[PDB]
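Reproduced below: entry_29.cif, with mmCIF, C-alpha atoms.
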data_structure
loop_
_atom_site.group_PDB
_atom_site.id
_atom_site.type_symbol
_atom_site.label_atom_id
_atom_site.label_comp_id
_atom_site.auth_asym_id
_atom_site.auth_seq_id
_atom_site.Cartn_x
_atom_site.Cartn_y
_atom_site.Cartn_z
ATOM 1 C CA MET M 1 -70.434 -4.179 42.775
ATOM 2 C CA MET M 2 -69.775 -0.416 42.431
ATOM 3 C CA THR M 3 -66.689 0.270 40.255
ATOM 4 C CA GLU M 4 -66.597 0.733 36.463
ATOM 5 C CA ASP M 5 -68.075 4.244 36.737
ATOM 6 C CA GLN M 6 -65.573 6.060 38.972
ATOM 7 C CA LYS M 7 -62.747 4.218 37.189
ATOM 8 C CA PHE M 8 -62.402 7.057 34.648
ATOM 9 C CA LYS M 9 -61.974 9.485 37.540
ATOM 10 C CA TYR M 10 -58.662 7.672 37.989
ATOM 11 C CA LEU M 11 -57.402 9.966 35.229
ATOM 12 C CA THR M 12 -57.298 12.956 37.582
ATOM 13 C CA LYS M 13 -56.661 10.757 40.612
ATOM 14 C CA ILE M 14 -53.209 9.821 39.308
ATOM 15 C CA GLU M 15 -52.720 13.517 38.602
ATOM 16 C CA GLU M 16 -53.459 14.912 42.061
ATOM 17 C CA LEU M 17 -53.860 12.012 44.486
ATOM 18 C CA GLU M 18 -50.417 10.621 43.595
ATOM 19 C CA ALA M 19 -49.401 12.846 46.514
ATOM 20 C CA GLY M 20 -50.520 10.010 48.793
ATOM 21 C CA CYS M 21 -53.560 11.658 50.326
ATOM 22 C CA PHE M 22 -55.626 9.674 52.815
ATOM 23 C CA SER M 23 -58.555 11.092 50.892
ATOM 24 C CA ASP M 24 -57.642 8.369 48.412
ATOM 25 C CA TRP M 25 -60.411 8.413 45.762
ATOM 26 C CA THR M 26 -60.439 4.677 45.010
ATOM 27 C CA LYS M 27 -64.110 3.639 45.210
ATOM 28 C CA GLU M 28 -65.831 3.209 48.555
ATOM 29 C CA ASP M 29 -64.848 1.234 51.674
ATOM 30 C CA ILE M 30 -62.091 -1.374 52.035
ATOM 31 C CA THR M 31 -62.311 -4.574 50.020
ATOM 32 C CA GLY M 32 -58.765 -5.666 50.653
ATOM 33 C CA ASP M 33 -57.015 -5.698 54.024
ATOM 34 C CA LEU M 34 -55.542 -2.280 53.279
ATOM 35 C CA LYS M 35 -58.296 -1.338 50.778
ATOM 36 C CA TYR M 36 -55.710 -1.897 48.065
ATOM 37 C CA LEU M 37 -58.066 -4.310 46.340
ATOM 38 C CA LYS M 38 -59.963 -1.439 44.678
ATOM 39 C CA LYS M 39 -57.399 -0.866 41.876
ATOM 40 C CA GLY M 40 -58.011 -4.125 40.028
ATOM 41 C CA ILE M 41 -61.625 -3.130 39.465
ATOM 42 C CA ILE M 42 -60.965 -1.681 36.028
ATOM 43 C CA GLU M 43 -58.480 -3.899 34.168
ATOM 44 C CA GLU M 44 -59.211 -7.032 36.272
ATOM 45 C CA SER M 45 -56.422 -9.167 34.811
ATOM 46 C CA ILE M 46 -55.807 -12.550 36.459
ATOM 47 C CA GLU M 47 -52.062 -11.919 36.661
ATOM 48 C CA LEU M 48 -52.921 -9.041 39.019
ATOM 49 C CA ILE M 49 -54.862 -11.483 41.180
ATOM 50 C CA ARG M 50 -51.459 -12.690 42.348
ATOM 51 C CA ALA M 51 -51.227 -9.609 44.610
ATOM 52 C CA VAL M 52 -54.472 -9.792 46.687
ATOM 53 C CA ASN M 53 -56.769 -11.644 44.292
ATOM 54 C CA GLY M 54 -58.385 -8.390 43.246
ATOM 55 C CA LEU M 55 -56.007 -5.481 42.671
ATOM 56 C CA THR M 56 -53.173 -4.734 40.278
ATOM 57 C CA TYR M 57 -49.932 -6.660 40.335
ATOM 58 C CA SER M 58 -48.423 -3.191 39.671
ATOM 59 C CA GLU M 59 -47.433 -4.111 36.110
ATOM 60 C CA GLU M 60 -50.082 -2.187 34.148
ATOM 61 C CA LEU M 61 -52.432 -0.285 36.481
ATOM 62 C CA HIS M 62 -50.081 2.747 36.789
ATOM 63 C CA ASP M 63 -52.160 4.816 34.332
ATOM 64 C CA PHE M 64 -55.101 3.739 36.468
ATOM 65 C CA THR M 65 -53.735 4.928 39.829
ATOM 66 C CA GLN M 66 -52.082 1.900 41.354
ATOM 67 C CA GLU M 67 -49.121 3.433 43.184
ATOM 68 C CA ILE M 68 -51.396 5.911 44.907
ATOM 69 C CA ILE M 69 -52.782 3.294 47.250
ATOM 70 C CA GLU M 70 -50.258 0.437 46.852
ATOM 71 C CA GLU M 71 -50.836 -0.613 50.510
ATOM 72 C CA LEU M 72 -49.660 2.817 51.696
ATOM 73 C CA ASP M 73 -53.166 4.187 52.215
ATOM 74 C CA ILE M 74 -55.744 2.582 54.486
ATOM 75 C CA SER M 75 -58.607 5.033 54.089
ATOM 76 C CA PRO M 76 -62.134 3.740 53.403
ATOM 77 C CA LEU M 77 -65.161 5.899 52.645
#

What would you get if you wrote out this structure as structure tokens?
Amino acid sequence: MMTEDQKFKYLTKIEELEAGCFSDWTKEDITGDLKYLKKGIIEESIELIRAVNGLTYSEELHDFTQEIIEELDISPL
């Protein structure tokens, strides 16, 4: 189900895309209501499932670009 490959691209995503661009480079298409599901693809911890049953709970995903989307962006691909 995609993911796992582009997850290392998160390195530079948190670098540049932290600006809040609607060219948000978090995988393709919306999985969550506001696409914000796509962040839990890498660390997939169950405690994060509390947020949308898919994404970060915003406790640990920061180094993996969580606050870039965090329900602020709604841009699919």

For this session: Output the residue selection produced by the PyMOL selection byres ((chain M and resi 75) around 12) on the file above, formatted as a PyMOL selection string.
Result: chain M and resi 20-36+38+68-74+76-77

Exercise. Using only C-alpha atoms, which residues sit within 10 Å of segment 55-62 of chain M once same-chain residues fewer than 4 positions away are excluded, as a list in words?
Worked result: residues 10, 14, 31, 32, 35, 36, 37, 38, 39, 40, 41, 42, 43, 44, 45, 46, 47, 48, 49, 50, 51, 66, 67, 68 and 70 of chain M

Exercise. At what distance in Å, to one decimal, does atom CA of residue 9 of chain M lie from atom CA of residue 64 of chain M?
Worked result: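 Answer for the atom CA of residue 64 of chain M to atom CA of residue 9 of chain M separation: 9.0 Å.
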
Exercise. If you measure from atom CA of residue 6 of chain M to atom CA of residue 65 of chain M, what distance in Å do you get, rounded to one decimal?
Worked result: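 These two atoms are separated by 11.9 Å.
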
Output as lines of an AutoDock Vina configuration file the centre and edge lengths (Å, one decimal) of the box along x, y and z of the file that holds every listed atom of segment 58-75 of chain M after adding 6 Å on each side.
center_x = -53.0
center_y = 0.9
center_z = 44.3
size_x = 23.2
size_y = 22.0
size_z = 32.3
